[PDB]
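Engineer: Structure in structure tokens, see below.
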Amino acid sequence: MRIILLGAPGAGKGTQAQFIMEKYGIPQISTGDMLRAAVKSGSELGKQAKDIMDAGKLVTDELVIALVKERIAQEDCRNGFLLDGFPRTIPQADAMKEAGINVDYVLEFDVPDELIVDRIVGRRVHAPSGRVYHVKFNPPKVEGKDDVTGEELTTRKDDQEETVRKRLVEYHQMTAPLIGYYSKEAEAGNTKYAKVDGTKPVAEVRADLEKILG
Ligand SMILES: Nc1ncnc2c1ncn2[C@@H]1O[C@H](COP(=O)(O)OP(=O)(O)O)[C@@H](O)[C@H]1O
Ligand SMILES: Nc1ncnc2c1ncn2[C@@H]1O[C@H](COP(=O)(O)O)[C@@H](O)[C@H]1O
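For the sequence shown, the deposited numbering assigns the number 1 to the initial residue and increments by one for each residue that follows.
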């Protein structure tokens, strides 16, 4: 099974990607996670993203397409995968099509602009695994600690209000058009498309996704 998660920053994509990985046994391919990791390690493919992410801007289509292709070509993706935060532009989607990377489900997480900044204020992450928490809405079992490793959680460098604002503008300019794009793909019978209400509690969004996917 191959899945794309679509939606504004803070919609709940990374959170639900974890559940889907656990339930359906497919890997989460998060271009944000990969680029952050590339910057941290100084990997030649992706270290270039540091300043661009800090500005809340999208990195080049070229760079992330390469990252995704490398990840996909590996073993653990042979039998399905979930793309979380990719594609982010129509050229990225077209590159998938040209490379014959079709998908089974596109899942649109719908959350009002107004919930985004406030929501992301509370985001804390465990960078080694990609696990995401919220100090109020989805807390770790021990305050400030990852549930698995017990390591102190961090705040993403791009998760401050001003940067989130810039990211949302970029989302509407470049990324929102993927809703139309994939809706048209679904009308052509190339994928299934479903929209979920991302304002519901984490557990309810999870149950809504299970109904669609199961
Ligand atoms: N349905 C939800 N209701 C409230 N908070 C949520 C929900 N889903 C995720 N969150 C929290 O809001 C923040 C953004 O969620 P995340 O899954 O990281 O969004 P995205 O990956 O789409 O940017 C995270 O801190 C997360 O813990
Ligand atoms: N598919 C992508 N295309 C372009 N830039 C990306 C992509 N994925 C992540 N980024 C960059 O990484 C940041 C964080 O992405 P994310 O973790 O999905 O929120 C974005 O604001 C961009 O700067």
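Each residue gets a CB set at the ideal place from its N, CA and C atoms; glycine is no exception.
Would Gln74 be called buried (16 or more neighbouring beta carbons within 10 Å of its own) or exposed?
Structural biologist: exposed
Engineer: Threshold first: 3 residues or longer. Then list the beta strand (DSSP E) segments lying entirely within the region 7-86, N to C.
Structural biologist: 28-30 and 81-84
Engineer: Whole angstroms is fine: what's the gap from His134's alpha carbon to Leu6's?
Structural biologist: 20 Å
Engineer: For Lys184, does the three-state DSSP call read helix, strand or coil?
Structural biologist: helix
Engineer: For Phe137, does the count of other Cβ atoms within 10 angstroms reach 16, so buried, or fall short, so exposed?
Structural biologist: Counting Cβ neighbours within 10 Å, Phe137 comes out exposed, since fewer than 16 surround it.
Engineer: Can you have a look at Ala55 and say buried or exposed, based on whether 16 or more other CB atoms are within 10 angstroms of its CB?
Structural biologist: exposed
Engineer: Buried or exposed for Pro201, please, with buried defined as at least 16 other CB atoms from any protein chain shown within 10 angstroms of its CB.
Structural biologist: exposed
Engineer: Give me the Cα-Cα distance between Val164 and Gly32, rounded to the nearest whole angstrom.
Structural biologist: 14 Å
Engineer: Let's see if you can read the secondary structure: which residues bound the alpha helix (DSSP H) around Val111?
Structural biologist: Where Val111 is concerned, there is no enclosing alpha helix (DSSP H), given that its DSSP letter is neither H nor E.
Engineer: With distance defined between alpha-carbon atoms, name the residue in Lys13, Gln16 and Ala8 nearest to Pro177.
Structural biologist: Ranked by how close their Cα comes to the Cα of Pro177, the residues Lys13, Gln16 and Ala8 have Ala8 in first place.
Engineer: Within the same chain, show all residues whose beta-carbon is closer than 7 Å to that of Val132, passing over the 5 residues directly before and after it, in chain order.
Structural biologist: Excluding positions up to five away in sequence, the list reads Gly14, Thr15, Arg123 and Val125.
Engineer: Sorry if obvious, but does the Cβ on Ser30 come closer than 7 Å to a heavy atom of ligand 2?
Structural biologist: yes
Engineer: So the alpha helix (DSSP H) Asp197 belongs to, where does it begin and stop?
Structural biologist: Here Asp197 belongs to no alpha helix (DSSP H); instead the beta strand (DSSP E) covers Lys192 to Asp197.
Engineer: Assuming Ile3 contacts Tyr105 under a Cβ cut-off of 8 Å, what Cβ separation, rounded to an integer in Å, is found between them?
Structural biologist: 5 Å
Engineer: On the criterion of 16 or more Cβ atoms from any shown chain inside 10 Å, does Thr154 qualify as buried, or is it exposed?
Structural biologist: exposed
Engineer: If you measure from the CB of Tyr24, is any heavy atom of ligand 1 nearer than 7 Å?
Structural biologist: No; taking the cut-off as 7 Å, the Cβ of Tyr24 has no heavy atom of ligand 1 nearer than that.
Engineer: By DSSP, does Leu213 sit in helix, in strand, or in coil?
Structural biologist: Looking at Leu213 - three-state DSSP - the assignment turns out to be helix.
Engineer: Suppose you measure from the CA of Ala49 to the CA of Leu67; what does that come to, to the nearest Å?
Structural biologist: 12 Å
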